[PDB]
Amino acid sequence: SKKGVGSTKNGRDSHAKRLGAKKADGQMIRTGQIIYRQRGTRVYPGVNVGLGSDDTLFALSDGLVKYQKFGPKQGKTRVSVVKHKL
Amino acid sequence: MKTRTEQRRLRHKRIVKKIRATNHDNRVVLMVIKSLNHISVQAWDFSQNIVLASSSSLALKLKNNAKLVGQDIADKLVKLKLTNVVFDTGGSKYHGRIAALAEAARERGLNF
Amino acid sequence: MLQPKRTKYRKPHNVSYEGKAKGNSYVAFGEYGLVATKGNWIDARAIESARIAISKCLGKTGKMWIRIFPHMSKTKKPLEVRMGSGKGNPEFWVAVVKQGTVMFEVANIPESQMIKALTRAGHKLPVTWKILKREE
Amino acid sequence: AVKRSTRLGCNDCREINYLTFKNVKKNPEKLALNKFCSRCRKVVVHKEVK
Amino acid sequence: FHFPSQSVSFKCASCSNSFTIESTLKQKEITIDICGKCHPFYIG
Amino acid sequence: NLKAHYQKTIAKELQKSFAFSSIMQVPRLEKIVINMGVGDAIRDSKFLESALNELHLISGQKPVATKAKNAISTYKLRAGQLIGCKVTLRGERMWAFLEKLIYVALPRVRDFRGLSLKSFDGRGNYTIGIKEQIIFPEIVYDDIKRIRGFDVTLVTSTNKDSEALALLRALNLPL
RNA sequence: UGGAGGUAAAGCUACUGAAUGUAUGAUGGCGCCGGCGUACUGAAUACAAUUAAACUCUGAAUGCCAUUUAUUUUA
RNA sequence: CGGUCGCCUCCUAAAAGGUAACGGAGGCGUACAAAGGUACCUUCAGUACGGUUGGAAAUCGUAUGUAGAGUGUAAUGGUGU
RNA sequence: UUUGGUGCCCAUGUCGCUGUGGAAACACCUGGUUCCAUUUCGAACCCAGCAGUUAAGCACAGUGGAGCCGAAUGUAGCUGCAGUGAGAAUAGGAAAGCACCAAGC
């Protein structure tokens, strides 16, 4: 029958803001195009790339983008961009 | 916990990491190493991880002071069309022999 | 009965137990074990019943080993209430059972005694049990 | 729900030029700085105006 | 700055001995009645 | 000057006793440390002034304080509020403090029976605790009544405790 | 073909909270004169082995981002 | 009636991203004249040994140990020159 | 080759254990007056010199002791009775490798 069964006490949840992989290797990237969003630092800035105060990775010079693997147990990723060359 | 020698290598490494992460325009580097007896200088070009030339007191010159080493290697770089160099402190402080070398490099037409 | 004392969470989700078993696929300590040929959910009260039956039919001569333990806590919303209003309340602790893994094991007692003990303990479980010997 | 903003301007050119957070209960001494100005094209001293 | 003591002697009048590395300067050559050399149980 | 005495005779004496082929494998004193334990900073007696005063009157060297490095919720202690005092010294002061300890203070102990409990930690270090408050000549009476003493440490260049013991025994250390 | 990921599964001396047997038993409690036997509870250690949405030393396939060859639409 | 109405962290969310329920769990409506900027110097916590106050635990030296230390906070990620 | 210096690689490059060697050098070392220096002190930084040094750092040779990587087969999972391929662990491996400058063979 009817009964005041309530007491949820929690339904709160924050709006999810998209992040992660926004670009990939093999595409020409003009300067200023954001490549990877993250909360933290899981992709170290390599060469010819810049880091913004949100730790946001972006490019400075044109060229093809590539990822490299390194680290103490080979589990760290670097993003880099090379000039368009043959 | 260190040995006065690993510390020098460690601080040279922190400085090298700083120079490699900071650069957005390409300038050759002039590394300097001070030892117990004398000093040495090495002109390195980046983007290739190779070395143009070097100088020291081991080239049959007097030990330290010795500011002449701070000129000839400079003349080495200007003859290879390099005037935009960055001065590394190696694993030492910008003072004494290092400062003497820096002023020697400065006074013969180098820009840093 | 056999219950954990604290947990970082109070009401976790359920778990599927389809597919072949994981871990405890072979005997370890006892000489003769009881394997389960069906995955299901068993509470600690049935485990207690099986253990007391094993002990009573065993005597202070052999030894027995229990291979699993309830690590999960489901909920059961009280009776005659409407749907919603969050999750209910926990009232039992259950151990997931995957098919093809052993439940109880015994050793150090003649063959007829251990066989009858395992058969007596088997009917107390809601799974299709099967006897098994040590792999040697 | 606590007021923390404070406005700073110069004394040589007299315009409210900057805004900043400042706690009264932690800095009883009145803050003063030296900053650039957009009307005299130079760096001048700045104090808060209430 | 700080108490600037310098080279001052160190005598034992019961052992009649003099030594010096560093001592108090305000009273030159302080006298002491018992020391390690003077003490017979110190040596054994 | 005990420094020359050690550098010329005792060093070669121990090199010939422990017959080796290198002079610096022979043990050498590494550092001299003075450590003050202070507890009246939280009780608000003189705010560490007693330790600074005592260390000033004992040392021919400018004293400097040390701070707590832990969150100590026992009385009230966290990250600062200088407690204890610390001095590390080099050079002629090492031999000066050595000769002072071995000629003026320790032989003046009312109940002296030597100082040895195998206090070696096995990595070549010994620690000696001067118990009484005022026992040195450079420190004069009527200063403070807060109970505290001295904690000196003899440390050698190697990790072999036997060599350190031999060095200390050959340098006139009461044992 | 290149690349990102962190789930399916698998593992729990690779941390995180749960625990099973044995070998050591700390620390206890009981009894007993700092100390003692402990039909006993037992942290930490070595050995055999457990479970997970909020544990991960590790870790698929599929899908997704774009480039390559070829076909096709004019979307 | 009871609970909630905005924003943030993880899972639910099925390795792009995103996804709901009066789902599971927690926080926020600030703080910093320095914890911002820069130059320079320096590196875990704990544990053990040894010494006067000093006991589990103050402090000091050494050694060890591969983050159980810290990061103005809820959580996550990141961070061992 | 050795030998110091340093760059990317960061454990199959680690932690150690035992012997071997220092000409040129790197380091220990000799001292704090000159520049510089400690919350303090030539401990570290820095000066100016080379009496001694194989001890240590350092490099060789060994050491599979610890730590690390991990073969083949089989198997768990999934994509349409066949492809797909894990993890743990096993036999094994490993005492780094690739360039550059300078001295001297």
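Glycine gets a Cβ as well: all are built from the backbone with ideal geometry, and neighbour counts include every protein chain shown. Quick note: the coordinates plus some simple rules give every number you see, no bench work behind them.
One residue alone among F:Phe120, F:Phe136, F:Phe112 is more than 16 Å from RNA strand I (Cβ to nearest atom), among the aromatic types (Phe, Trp, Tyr) and closer than 24 Å to F:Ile83 by Cβ, and that residue is F:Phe136. The lone criterion from (1) within 12 Å of chain E (Cβ to nearest Cβ); (2) within 21 Å of F:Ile32 (Cβ to Cβ); (3) not polar (S, T, N, Q) left unmet by F:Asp111 is number (2). Among residues that are closer than 21 Å to B:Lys17 by Cα, within 16 Å of RNA strand I (Cβ to nearest atom), outside any loop (DSSP other than H, G, I, E, B) and within 14 Å of another protein chain (Cβ to nearest Cβ), A:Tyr67 is not included. The set of residues from the stretch A:20-43 being near RNA strand H (Cβ under 6 Å from one of its atoms) and outside any strand (DSSP E or B) comprises A:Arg39, A:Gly40, A:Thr41, A:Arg42.
So, E:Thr31, is that one surrounded by 10 or more Cβ atoms within 10 Å (Cβ to Cβ), more than 9 Å from chain F (Cβ to nearest Cβ) and either among the β-branched types (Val, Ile, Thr) or under 18 Å from F:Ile135 (Cβ atoms) (or both) or not?
In short, yes.
Within the stretch B:49-105, the residues that satisfy the criterion of being basic (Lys, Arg), surrounded by 15 or more Cβ atoms within 10 Å (Cβ to Cβ) and more than 29 Å from B:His24 (Cα to Cα) are B:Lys67, B:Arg97. Restricting attention to chain D and to residues that are among the polar types (S, T, N, Q) and within 9 Å of RNA strand H (Cβ to nearest atom), the residue that is farthest from the other protein chains (Cβ to nearest Cβ) turns out to be D:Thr6. Selection over the stretch C:59-100 of residues that are within 26 Å of C:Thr7 (Cα to Cα) and within 12 Å of RNA strand G (Cβ to nearest atom) gives a count of 20.
Step by step: first the residues of the stretch F:70-111, then only those that are exposed (fewer than 14 other Cβ atoms within 10 Å of the Cβ) and under 30 Å from E:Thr20 (Cβ atoms), then the one that is nearest to the chain's Cα centre (by Cα). Which residue is that?
Only one residue fits best here, namely F:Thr88.
Among the conditions (1) more than 8 Å from RNA strand I (Cβ to nearest atom); (2) away from chain A (no Cβ under 14 Å); (3) more than 12 Å from the chain's Cα centre (by Cα), the only one that B:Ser47 does not satisfy is (2).
Among the residues of the stretch F:41-55, those identified as on the phi < 0 side of the Ramachandran plot and buried (at least 18 other Cβ atoms within 10 Å of the Cβ) are F:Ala41, F:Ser50, F:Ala51, F:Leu52, F:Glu54, F:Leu55.
Evaluation of E:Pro40 against the conditions (1) surrounded by fewer than 12 Cβ atoms within 10 Å (Cβ to Cβ); (2) facing another protein chain (nearest Cβ under 9 Å) shows that the sole unmet condition is (2). Considering only residues in the stretch F:142-175 that are within 14 Å of chain E (Cβ to nearest Cβ) and part of a loop (DSSP other than H, G, I, E, B), the one that is farthest from F:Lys31 (Cα to Cα) turns out to be F:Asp143.
Listed here are the strands (runs of 3 or more DSSP E) enclosed by the stretch F:27-97 that have at least 3 residues being touching a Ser or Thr at 6+ places or on another chain (Cβ under 9 Å): F:32-36, F:85-89. Taking the listed residues E:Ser18, E:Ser14, E:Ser5, E:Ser23, the one that is under 19 Å from F:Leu2 (Cβ atoms), more than 8 Å from chain F (Cβ to nearest Cβ) and small (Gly, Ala, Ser) is E:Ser18, with no other qualifying. Can you pull out the helices (runs of 4 or more DSSP H) entirely within chain B that have at least 2 residues that are in contact with a helix residue (DSSP H, G or I) (Cβ under 9 Å, 6 or more places away or on another chain) and among the hydrophobic types (A, V, I, L, M, F, W, C)? The helices (runs of 4 or more DSSP H) meeting that bar are B:69-78, B:97-107. For A:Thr8, the conditions (1) under 30 Å from C:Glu80 (Cβ atoms); (2) within 14 Å of RNA strand G (Cβ to nearest atom) all hold with the exception of (2).
Of all residues in the stretch C:14-25, those being away from RNA strand I (no atom under 12 Å from the Cβ) and either over 18 Å from C:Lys74 (Cβ atoms) or within 14 Å of chain A (Cβ to nearest Cβ) (or both) number 1.
Among the numbered conditions (1) within 9 Å of RNA strand G (Cβ to nearest atom); (2) within 14 Å of chain B (Cβ to nearest Cβ), the only one that A:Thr77 does not meet is (2). Taking the listed residues C:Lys11, C:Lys63, C:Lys5, the one that is more than 16 Å from RNA strand I (Cβ to nearest atom), over 17 Å from C:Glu105 (Cα atoms) and in contact with a strand residue (DSSP E or B) (Cβ under 6 Å, 6 or more places away or on another chain) is C:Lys11, with no other qualifying.
From (1) at positive phi; (2) more than 8 Å from RNA strand H (Cβ to nearest atom), pick out the condition that doesn't hold for F:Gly124. Checking F:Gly124 against (1) at positive phi; (2) more than 8 Å from RNA strand H (Cβ to nearest atom), the one that fails is (2).
The residue of the stretch A:1-54 that is farthest from the other protein chains (Cβ to nearest Cβ), among those that are within 16 Å of RNA strand I (Cβ to nearest atom) and among the aliphatic types (A, V, I, L, M), is A:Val43.
Scan C:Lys116, C:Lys87 and give me the residue that is within 14 Å of another protein chain (Cβ to nearest Cβ) and surrounded by fewer than 19 Cβ atoms within 10 Å (Cβ to Cβ).
After applying the criteria, what remains is C:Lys87.
The residue pairs whose first member lies in the stretch A:8-20 and is basic (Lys, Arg), whose second member is more than 16 Å from RNA strand I (Cβ to nearest atom) and not in a strand (DSSP E or B), and whose beta carbons are closer than 8 Å, counting only pairs six or more residues apart or on different chains, are A:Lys9/C:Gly86.
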